[PDB]
Amino acid sequence: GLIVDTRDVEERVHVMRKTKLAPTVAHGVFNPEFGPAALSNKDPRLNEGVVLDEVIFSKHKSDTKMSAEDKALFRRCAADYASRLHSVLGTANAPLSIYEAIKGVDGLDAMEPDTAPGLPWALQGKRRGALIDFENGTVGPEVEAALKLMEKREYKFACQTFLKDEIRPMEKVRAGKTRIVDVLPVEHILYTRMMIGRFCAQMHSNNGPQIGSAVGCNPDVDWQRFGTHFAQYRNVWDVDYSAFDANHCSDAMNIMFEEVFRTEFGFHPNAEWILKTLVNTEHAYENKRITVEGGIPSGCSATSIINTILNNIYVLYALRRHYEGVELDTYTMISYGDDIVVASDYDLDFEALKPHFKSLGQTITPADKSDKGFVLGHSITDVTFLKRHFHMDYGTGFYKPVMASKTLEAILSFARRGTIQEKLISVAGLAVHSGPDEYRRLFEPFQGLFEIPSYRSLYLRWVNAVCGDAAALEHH
RNA sequence: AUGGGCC
RNA sequence: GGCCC
Ligand SMILES: [Mg+2]
Ligand SMILES: [Mg+2]
């Protein structure tokens, strides 16, 4: 978004730490073009004269402003999408109890007991268990006091910046393109869950093309559902954004929140108010305090669902800004945050749509880059969604999420000390869809050192997961 | 080092 | 704990 202020405060918030990721035996063998993200300025792998802390805020280039006519247009799309959405989810969106916000419900995971609390708790050595009782689902004085404030709508907060200790393409490491997480205070997360926790549960349970969202899906078993759905259309588009999160303009955010979370849909009046506190935020990084306008704080605030809803409304608004008579049935789409798959039988011109996404401050481009702009005819077996391809399992005939072996190799070449065993059994679950031969190759560097799940066991597990009867069929 | 999914 | 946004 738009960085309006850049002040320097005396007290300092720490981030620059060492990476917990370490090279495994696989690394020496596979030799991936991947590595831990740069977390320091003194990182020897960084390109000369490349200032880390400067490349982290280079995503905030502007809070694009919309005219009155586009705003009224956007509002129309938001209300149309809100309509479909709640039409499918229902309208039992009353607040959750504090107990229910902490433990969650069906469709909603409980809160994480041992993660960061945000500010200003980080300036007091307090963990999450020190503020909240994740057992009995209870909160302490500070929190409760903070809840009243939020009830009063007089709550003020700041985001704590964290560099993401993940593996990335070496090109992005060297370019110091480490991604960051805007850790919000723990009370904010909780209150958000109270205000919109039921809604999020419903979204997770109802994931699919109908609501245009994959949040809460399980690739292993939903690829079949999503795959058959999309192979059903003439055109399919793998659309990429750049800085989706950052490029949400206040206009757009403010209109979605107003349109999707109205009290008539069952929401407590504070739902709209809490979300709106994500627009203009103050971000604390070491000795720096940075006030930003526009953009959704990445990681802490039903971030995925908000990013997904917006994505749906962006597509409907672009199409409508270019074509006449466009409705939600004109096309079909599933998204997960910024990740998106769009499909239609009309020769929709996504090359012409670019400017219209620009009118929102968003930059769309084809996934398959080598191709000059968006083409037509592409089928679902060409796109990526959630870093997985849609391939046909020749054993069952079901679609299966296949990850690129280069990616898998990367994942297997770095690990957090003392978790290699768990991680493997975890990655095996993903590798099984590559096939027997690839599966063997991938884990070969680990054989005789860890327990590698057999291809057969994970395969049988999958077949049942995806379609229990298909398993029974193989027995009749 | 996180929101949220999925194991 | 691990992956995916
Ligand atoms: Mg502004
Ligand atoms: Mg994609």
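Values below: every heavy atom of this structure, side chains too, minus hydrogens, waters and symmetry copies. Per chain, numbering begins at 1; letters A, B, ... match sequence-line order.
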NZ/NE/NH1/NH2 to OD/OE distance under 4.0 Å, A:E11 and A:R289: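 The answer is no: the pair does not qualify as a salt bridge.
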Pair up each side-chain donor or acceptor in residues 119-126 of chain A with any protein partner under 3.5 Å, not counting sequence neighbours, and list the distances.
unit_1: A:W121; atom_1: NE1; unit_2: A:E187; atom_2: OE1; d: 2.7
unit_1: A:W121; atom_1: NE1; unit_2: A:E187; atom_2: OE2; d: 3.4

Would you call the rings of [X] and [Y] parallel, tilted or perpendicular if under 30° counts as parallel and over 60° as perpendicular?
| X | Y | result |
| --- | --- | --- |
| A:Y314 | A:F244 | perpendicular |
| A:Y455 | A:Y459 | parallel |
| A:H60 | A:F57 | parallel |

So what does [X] hit on the nucleic acid, given a heavy-atom distance under 4.0 Å: a base, only sugar-phosphate, or nothing?
| X | result |
| --- | --- |
| A:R388 | sugar-phosphate |
| A:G107 | sugar-phosphate |
| A:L108 | sugar-phosphate |

Does a nitrogen or oxygen in the side chain of [X] sit under 4.0 Å from OP1 or OP2 of [N]?
| X | N | result |
| --- | --- | --- |
| A:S304 | C:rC5 | no |
| A:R128 | B:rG3 | yes |
| A:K423 | C:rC3 | yes |

Test side chain to side chain donor-acceptor pair (under 3.5 Å) applied to A:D338 and A:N307, step by step: CA-CA 6 Å; A:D338 51 328; A:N307 276 338; over 6 Å; no
Exceeds 12 heavy-atom contacts within 6.0 angstrom, atom CG of A:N31: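 It does: A:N31 CG has more than 12 such atoms within range.
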Closest-nucleotide ordering on RNA chain B, the 5'-leading residue of A:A116 and A:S426: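 Looking at the nearest nucleotide for each, A:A116 comes out on the 5' side.
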Pairing string, 5' to 3', for RNA chain C - Watson-Crick or wobble contacts under 3.5 Å, brackets [ ] where pairs cross, | to another strand: |||..
For atom CD1 of A:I306 and atom P of B:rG3, their distance in whole Å: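 For the pair A:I306 CD1 and B:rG3 P, the rounded distance is 14 Å.
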Counterpart residues, ring-ring contact (aromatic ring centres under 6.0 Å, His included), relative to A:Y81 (two or more places apart):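 By the ring-ring contact (aromatic ring centres under 6.0 Å, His included) rule, A:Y81 matches no residue at all.
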RNA chain B-proximal residues of residues 188-223 of chain A, any heavy atom under 4.0 Å: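 Hits under 4.0 Å, by residue number: A:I189, A:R193, A:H204, A:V215, A:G216, A:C217, A:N218.
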Interface with RNA chain B, restricted to residues 164-172 of chain A and to heavy atoms under 4.0 Å: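 Listed by number, they are A:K164, A:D165.
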Residue mapping more 5' on RNA chain C - nearest nucleotide basis, A:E422 or A:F385: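 Its nearest nucleotide being more 5', the pick is A:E422.
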Nearest-neighbour nucleotide for the A:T115 side chain, C:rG1, B:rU2, C:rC4 considered: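 Closest nucleotide among those given: B:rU2.
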Closest nucleotide among C:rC3, B:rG4, B:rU2 to the A:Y336 side chain: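 Between C:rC3, B:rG4, B:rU2, the one nearest the side chain of A:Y336 would be B:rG4.
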Verdict with supporting geometry, A:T384 and A:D238, side chain to side chain donor-acceptor pair (under 3.5 Å): CA-CA 7 Å; A:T384 275; A:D238 189 329; 4.7 Å; no
Per-pair distances, 0.1 Å, donor-acceptor, side chain in residues 107-118 of chain A, under 3.5 Å, sequence neighbours excluded:
unit_1: A:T115; atom_1: OG1; unit_2: A:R128; atom_2: NE; d: 3.1
unit_1: A:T115; atom_1: OG1; unit_2: A:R128; atom_2: NH1; d: 3.1

